[PDB]
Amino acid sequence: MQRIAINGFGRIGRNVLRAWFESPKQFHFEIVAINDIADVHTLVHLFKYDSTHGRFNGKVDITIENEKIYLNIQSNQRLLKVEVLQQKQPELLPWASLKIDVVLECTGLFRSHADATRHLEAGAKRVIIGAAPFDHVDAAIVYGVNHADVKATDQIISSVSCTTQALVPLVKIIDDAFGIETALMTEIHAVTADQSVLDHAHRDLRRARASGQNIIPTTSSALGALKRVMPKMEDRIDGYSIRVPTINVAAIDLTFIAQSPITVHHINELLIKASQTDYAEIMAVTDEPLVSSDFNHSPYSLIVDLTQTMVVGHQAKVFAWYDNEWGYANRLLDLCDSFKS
């Protein structure tokens, strides 16, 4: 077993661990540690109880061996003993002792090549930044598109954002088949934890406004990040995110100019075949009249609504839902199960 550590037990950190247990197939690695700036009792409480994902179907038992605090978790006929830490500064983590092979960096606070490496300076072999890269990176991966393009010499990988992981395959698939000249992306997204309950000072003057009562248009790391995966799309794609007051799940609305003839039928049939072949693992298509709440806890990177496809002359639009928490947390798992074979 490879040994994995999560730094930052937030919406992502925590759902990774849930996903470890909830998965239909046992992952061939173990999660052996978690860090956060909060205490264990809080961490365990938010792990157990989730406004978004429900009560956790299993048992968590805190034990104290030595000074080392450990969670004994059990669910889906599977066990894990995890060490709980409360270190603010990553360079001071015990990754060497615990022998951590990969660190899922899920704090938002350590996106640089410099901060990433601090975990390596603390004994870790590899790191995965769970976010768009800030600066330099050894690699920018979207599981199902370029996970095979990881070299073993790669220490600072990025798994990008959820948005990027829905977006990239749509573009890959279509550019490849019909040719995309340019494209523009509207993302309609559930409220995220960085927003404000009420009008409160914030870096973003948009995201300063009450989360629960506003439509809030804003920036998306997705575009800058998608261009580190496909540099050819520089100057050829742009877009933005809209925040609305639902708790979870998002939609991506992508408008593009095709270089060959295109029909609704042809566009939809392409995406279906990909869902059944190369992109089986991460993509699915639906012709059913669903809404956001229907895709909660869905492990796919994207579910395409084929009813929503529109073509006019050479311009086309497609639409796809993703569970921005669940989908992405399963892609972090799937990515670690790839490094070993």
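All residue numbers refer to positions in the sequence shown, first residue = 1.
As listed in the deposited structure, the average C-alpha B-factor of 98-106 and of 266-274 is greater for 98-106. Stretches 290-298 and 35-43 differ in mean C-alpha B factor, with the higher average recorded for 35-43.
Looking only at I257, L93, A250, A222, the residue with the top Cα B factor in the deposited structure is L93.
Across the residues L167, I73, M233, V150, the deposited record lists the maximum Cα B factor for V150. Among all modelled residues in its chain, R11 ranks in the middle third by Cα B-factor. The entry lists a Cα temperature factor for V60 that places it in the middle third of the chain's modelled residues.
In the deposited entry, the Cα temperature factor of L205 places it in the middle third of its chain's modelled residues. In the PDB entry, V285 places in the lowest third of its chain by CA B-factor.
The deposited CA B-factor of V311 belongs to the middle third of values across its chain.
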